[PDB]
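A short worksheet on the structure shown next.
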Amino acid sequence: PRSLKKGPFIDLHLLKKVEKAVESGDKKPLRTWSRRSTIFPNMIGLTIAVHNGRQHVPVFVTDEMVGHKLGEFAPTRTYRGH
Amino acid sequence: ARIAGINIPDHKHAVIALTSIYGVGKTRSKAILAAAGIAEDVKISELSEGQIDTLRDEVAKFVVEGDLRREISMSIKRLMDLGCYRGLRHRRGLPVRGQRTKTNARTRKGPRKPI
Amino acid sequence: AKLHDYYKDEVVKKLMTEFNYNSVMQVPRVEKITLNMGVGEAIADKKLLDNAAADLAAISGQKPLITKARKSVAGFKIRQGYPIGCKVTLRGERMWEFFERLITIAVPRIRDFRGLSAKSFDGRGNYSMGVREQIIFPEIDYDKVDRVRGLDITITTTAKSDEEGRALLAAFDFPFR
Amino acid sequence: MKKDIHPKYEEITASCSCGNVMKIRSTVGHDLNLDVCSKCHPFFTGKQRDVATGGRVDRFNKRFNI
RNA sequence: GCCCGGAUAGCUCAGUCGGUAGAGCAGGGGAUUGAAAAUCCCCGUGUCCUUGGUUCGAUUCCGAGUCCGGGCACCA
RNA sequence: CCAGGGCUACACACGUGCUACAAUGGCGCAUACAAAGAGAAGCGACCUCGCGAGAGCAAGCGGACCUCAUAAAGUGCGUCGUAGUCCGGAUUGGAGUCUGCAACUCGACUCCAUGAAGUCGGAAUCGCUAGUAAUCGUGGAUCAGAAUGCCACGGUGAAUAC
RNA sequence: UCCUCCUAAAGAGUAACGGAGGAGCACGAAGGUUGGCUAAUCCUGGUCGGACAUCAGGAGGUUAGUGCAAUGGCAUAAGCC
Ligand SMILES: [Mg+2]
Ligand SMILES: [Mg+2]
Ligand SMILES: [Mg+2]
Ligand SMILES: [Mg+2]
Ligand SMILES: [Mg+2]
Ligand SMILES: [Mg+2]
Ligand SMILES: [Mg+2]
Ligand SMILES: [Mg+2]
Ligand SMILES: [Mg+2]
Ligand SMILES: [Mg+2]
Ligand SMILES: [Mg+2]
Ligand SMILES: [Mg+2]
Ligand SMILES: [Mg+2]
Ligand SMILES: [Mg+2]
Ligand SMILES: [Mg+2]
Ligand SMILES: [Mg+2]
Ligand SMILES: [Mg+2]
Ligand SMILES: [Zn+2]
């Protein structure tokens with residue numbers, strides 16, 4: 001995975017939007033397209049709808065999801081069996 | 001010849017015998033033998049009891065069958081409850097590290113089953 | 001008789017103090033210990049039950065009773081009179097010795113042992129338990145084992161409640177989670 | 001108890017690894033060597049570990065620091 | 001109106017002394033053939049007509065009911 | 001024009017190849033013999049650290065000079081002694097390294113464990129007449145990184161053709 | 001041809017091409033005696049073990065059982081060793 005010395009990867013367009021909301025308290029579901037960014041502890045308690053390819057799937061970030069990539073919690077291709 | 005609650009064969013060498021435990025391999029067996037001052041050409045038999053006692057003491061430094069499986073099960077259940085892609089693949093019974101499901105996925109799919 | 005002496009010396013005092021008992025007879029006592037092995041595979045071979053009888057007699061020094069079927073059942077392909085289980089009853093010196101040997105040796109030897117449940121008193125103070133392996137008892141040699149066949153133990157006591165049974169077991173220093 | 005249907009039941013000594021030597025009546029014949037008795041057991045002593053040990057936050061803050 | 005017999009895999013039949021239903025045709029990969037045939041290999045398919053009872057247990061034994069096939073309904 | 005996703009899905013059927021199913025072997029130590037190619041947004045000595053992928057200082061080389069780069073199979077000395085085996089590494093968990101703004105869906109590799117199915121394979125079918133078949137390694141193009149594929153190189157080296 | 005209930009009108013008996021079912025056996029033990037014992041079912045707890053095998057208790061009290069069809073009886077047991 002990512003090199004430990006470089007550190008976690010996060011886009012500014014989401015970092016600014018989450019650091020504003022931390023103090024703003026606007027817990028309305030945010031919207032984002034960057035599913036390649038890690039999850040920081042400050043995000044916990046917010047609802048973010050991430051672009052899976054067609055629409056935005058909402059996810060409520062919890063404590064157990066920190067080191068996991070954000071995109072892991074949004075299915076990309078629909079499948080229900082044959 | 002009983003270590004960590006399980007029995008160990010006596011006709012095999014120490015390195016092979018220690019690998020019979022769930023969580024001990026060649027490296028973790030040679031390290032224990034080097035720490036306890038026990039050679040590798042000897043078997044489980046032809047040994048005293050203090051050597052086995054210190055072998056158990058050195059093995060206790062690691063994670064073994066009792067706690068090894070608990071940690072694995074807890075991690076799998078945590079992934080499944082979180083709902084990550086890896087947890088969903090584990091739920092569906094499919095490769096989780098990233099492979100092909102069109103062909104050659106028998107290990108996770110199970111035996112062949114036609115319509 | 002070591003556990004019997006330990007009981008009569010330092011268990012009745014604790015139980016009377018914690019239950020406000022008036023007489024020693026009110027203190028619960030262990031009536032009996034019965035070991036059961038329901039070998040539901042003796043239909044194919046009789047020796048499969050004759051070896052279970054030997055394995056059960058090697059643990060406690062009594063020849064087991066070969067119990068039979070109370071009635072015929074079709075879901076298990078049995079008829080009345082077929083022996084399908086072995087039973088052993090222990091009362092007195094042998095009961096105390098088996099209790100001591102169990103709690104001192106066999107219980108720690110259980111694989112992945114993390115205590116025992118405290119919700120198996122069936123609402124009457126008698127404690128039920130079951131093991132998934134018998135070789136935990138040191139009376140069995142690994143090189144001579146044929147199959148692995150567990151057993152279920154039941155301790156029948158004079159206690160009237162699960163609280164009293166659990167208190168008696170705690171005084172006897174029984175593994176509880 | 002009946003005479004010649006029950007196995008021989010004699011006294012024996014079971015020496016434990018930790019040194020908690022005990023004498024019990026059994027039917028093994030020879031002396032016993034024990035690895036884990038009721039005294040040297042982690043659950044009986046009270047040193048039983050767990051699984052959780054915190055979670056994701058401590059690992060993240062100890063690996064990556066801004 | 002009366003009596004006898006049968007009801008079983010997608011079709012045609014066998015079987016069963018109470019406990020464990022088979023055969024052929026057919027169907028699904030596959031093999032050969034340029035491709036279909038034909039042939040070969042690998043396979044699996046039944047709640048034994050319905051209902052109520054003796055039984056530990058019924059597709060089997062018993063009593064009723066449905067459908068079908070068959071034999072009679074004569075002396076006036 | 002841009003962001004994300006997809007081209008890597010999955011009850012399945014097919015072809016082409018890799019690893020194997022084990023003693024003509026696996027594993028440990030020691031020790032010989034090559035050929036042909038690439039290198040300037042590059043090859044990357046020696047030394048230090050990390051068990052290891054690799055990290056740091058930093059020479060040399062536009063190349064019969066230096067690097068890639070130790071050739072392996074092979075031989076000697078030992079162990080395993082025919083078991084799902086000290087064969088098989090699939091799959092899985094954790095901890096990590098490298099490139100790349102950015103390795104979740106999808107890169108490669110390392111370590112600690114986990115050690116499935118498989119014990120020579122049905123009808124049928126494929127390649128080969130000599131340094132060929134079989135087997136063992138090496139290099140290069142593609143490429144920031146990503147081949148068991150492709151293109152070439154050599155080492156051991158057959159049986160049979162009425 | 002023989003056995004059980006109803007029709008059979010509270011003694012016995014009492015018919016129909018009346019309504020419901022059985023028998024043409026078995027056992028040297030399934031007989032006699034002595035000694036001892038009481039279940040069907042449900043609930044709770046316990047390893048494989050499941051609605052139901054075996055084991056512990058509790059509720060229940062003949063709602064089981066009778067070698068067989070039915071009726072009348074069976075705890076002093078006619079039931080179970
Ligand atoms: Mg891939
Ligand atoms: Mg493609
Ligand atoms: Mg060798
Ligand atoms: Mg080093
Ligand atoms: Mg060699
Ligand atoms: Mg190997
Ligand atoms: Mg490994
Ligand atoms: Mg030619
Ligand atoms: Mg490349
Ligand atoms: Mg060659
Ligand atoms: Mg009358
Ligand atoms: Mg009258
Ligand atoms: Mg009689
Ligand atoms: Mg009597
Ligand atoms: Mg039960
Ligand atoms: Mg009757
Ligand atoms: Mg009688
Ligand atoms: Zn001890």
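Chain identifiers are assigned as A, B, and so on, following the order in which chains appear in the structure tokens; residues are numbered from 1 within each chain, and ligands are numbered from 1 in order of appearance.
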
Item to check | Close residues to ligand 18 using only C-alpha atoms (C1' of nucleotides) and all ligand atoms, limit 9 Å, as a list in words | outcome: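 Checked against 9 Å with only C-alpha atoms (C1' of nucleotides) and all ligand atoms; the hits are residues 105 of chain C; 15, 16, 17, 18, 19, 20, 21, 34, 35, 36, 37, 38, 39, 40 and 41 of chain D.
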
Next on the checklist: Taking only C-alpha atoms (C1' of nucleotides) and all ligand atoms into account, which residues have an atom no farther than 12 Å from ligand 2? I'd like them as JSON, numbers by chain.
Outcome noted: {"B": [100, 102], "F": [6, 7, 8]}

Item to check | Distance filter 8 Å, only C-alpha atoms, chain A against chain D, as JSON, numbers by chain | outcome: {"A": [4, 5, 7, 8, 41, 63, 64, 65, 66, 67]}

Next on the checklist: With 10 Å as the limit and counting only C-alpha atoms (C1' of nucleotides), what residues in chain E lie close to chain C? Please list them as a PyMOL selection string.
Outcome noted: chain E and resi 19+56-57

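Considering only C-alpha atoms (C1' of nucleotides) and all ligand atoms, every residue of the polymer chains approaching ligand 16 to 9 Å or closer is listed here: residues 66, 68, 69 and 70 of chain G.
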
Next on the checklist: Within 12 Å of chain B, which residues belong to chain E? Use only C-alpha atoms (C1' of nucleotides) and report them as a PyMOL selection string.
Outcome noted: chain E and resi 28-29+43-44

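With the cut-off set to 12 Å and only C-alpha atoms (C1' of nucleotides) and all ligand atoms counted, the residues surrounding ligand 12 are residues 8, 9, 10, 11, 12, 13 and 14 of chain G.
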
Since we have the selection now, will you write its residues out, keeping N, CA, C and O atoms (P, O5', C5', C4', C3', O3' and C1' of nucleotides), as a PDB file, in the first residue's frame?
```
ATOM      1  P     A G   8     -83.410 -50.681  20.284  1.00  0.00           P
ATOM      2  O5'   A G   8     -82.785 -51.576  21.443  1.00  0.00           O
ATOM      3  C5'   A G   8     -82.398 -51.005  22.689  1.00  0.00           C
ATOM      4  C4'   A G   8     -82.073 -52.075  23.698  1.00  0.00           C
ATOM      5  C3'   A G   8     -80.737 -51.921  24.417  1.00  0.00           C
ATOM      6  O3'   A G   8     -80.855 -52.432  25.744  1.00  0.00           O
ATOM      7  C1'   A G   8     -80.753 -53.955  23.210  1.00  0.00           C
ATOM      8  P     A G   9     -81.152 -51.438  26.971  1.00  0.00           P
ATOM      9  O5'   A G   9     -82.661 -50.976  26.744  1.00  0.00           O
ATOM     10  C5'   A G   9     -83.111 -49.714  27.212  1.00  0.00           C
ATOM     11  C4'   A G   9     -84.617 -49.625  27.254  1.00  0.00           C
ATOM     12  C3'   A G   9     -85.341 -50.670  28.087  1.00  0.00           C
ATOM     13  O3'   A G   9     -85.309 -50.391  29.475  1.00  0.00           O
ATOM     14  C1'   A G   9     -86.464 -50.363  26.023  1.00  0.00           C
ATOM     15  P     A G  10     -84.958 -51.558  30.521  1.00  0.00           P
ATOM     16  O5'   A G  10     -83.368 -51.541  30.588  1.00  0.00           O
ATOM     17  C5'   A G  10     -82.671 -50.335  30.859  1.00  0.00           C
ATOM     18  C4'   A G  10     -81.526 -50.560  31.811  1.00  0.00           C
ATOM     19  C3'   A G  10     -81.803 -51.503  32.971  1.00  0.00           C
ATOM     20  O3'   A G  10     -81.675 -52.870  32.621  1.00  0.00           O
ATOM     21  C1'   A G  10     -80.815 -49.533  33.797  1.00  0.00           C
ATOM     22  P     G G  11     -82.785 -53.930  33.093  1.00  0.00           P
ATOM     23  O5'   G G  11     -81.937 -55.190  33.573  1.00  0.00           O
ATOM     24  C5'   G G  11     -80.969 -55.070  34.604  1.00  0.00           C
ATOM     25  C4'   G G  11     -80.578 -56.420  35.151  1.00  0.00           C
ATOM     26  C3'   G G  11     -80.237 -57.479  34.115  1.00  0.00           C
ATOM     27  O3'   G G  11     -78.907 -57.374  33.637  1.00  0.00           O
ATOM     28  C1'   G G  11     -81.746 -58.386  35.685  1.00  0.00           C
ATOM     29  P     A G  12     -78.616 -57.342  32.058  1.00  0.00           P
ATOM     30  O5'   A G  12     -78.801 -58.858  31.603  1.00  0.00           O
ATOM     31  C5'   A G  12     -77.976 -59.884  32.135  1.00  0.00           C
ATOM     32  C4'   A G  12     -78.456 -61.250  31.715  1.00  0.00           C
ATOM     33  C3'   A G  12     -78.655 -61.454  30.221  1.00  0.00           C
ATOM     34  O3'   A G  12     -77.448 -61.744  29.542  1.00  0.00           O
ATOM     35  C1'   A G  12     -80.534 -62.283  31.391  1.00  0.00           C
ATOM     36  P     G G  13     -77.094 -61.000  28.162  1.00  0.00           P
ATOM     37  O5'   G G  13     -78.123 -61.618  27.114  1.00  0.00           O
ATOM     38  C5'   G G  13     -78.182 -63.017  26.876  1.00  0.00           C
ATOM     39  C4'   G G  13     -79.494 -63.411  26.247  1.00  0.00           C
ATOM     40  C3'   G G  13     -79.870 -62.654  24.982  1.00  0.00           C
ATOM     41  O3'   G G  13     -79.268 -63.206  23.824  1.00  0.00           O
ATOM     42  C1'   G G  13     -81.714 -62.681  26.466  1.00  0.00           C
ATOM     43  P     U G  14     -78.663 -62.251  22.683  1.00  0.00           P
ATOM     44  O5'   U G  14     -79.940 -61.777  21.862  1.00  0.00           O
ATOM     45  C5'   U G  14     -80.872 -62.718  21.348  1.00  0.00           C
ATOM     46  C4'   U G  14     -82.193 -62.060  21.045  1.00  0.00           C
ATOM     47  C3'   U G  14     -82.120 -60.813  20.177  1.00  0.00           C
ATOM     48  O3'   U G  14     -82.070 -61.111  18.792  1.00  0.00           O
ATOM     49  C1'   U G  14     -83.467 -60.380  22.074  1.00  0.00           C
TER      50        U G  14
END
```
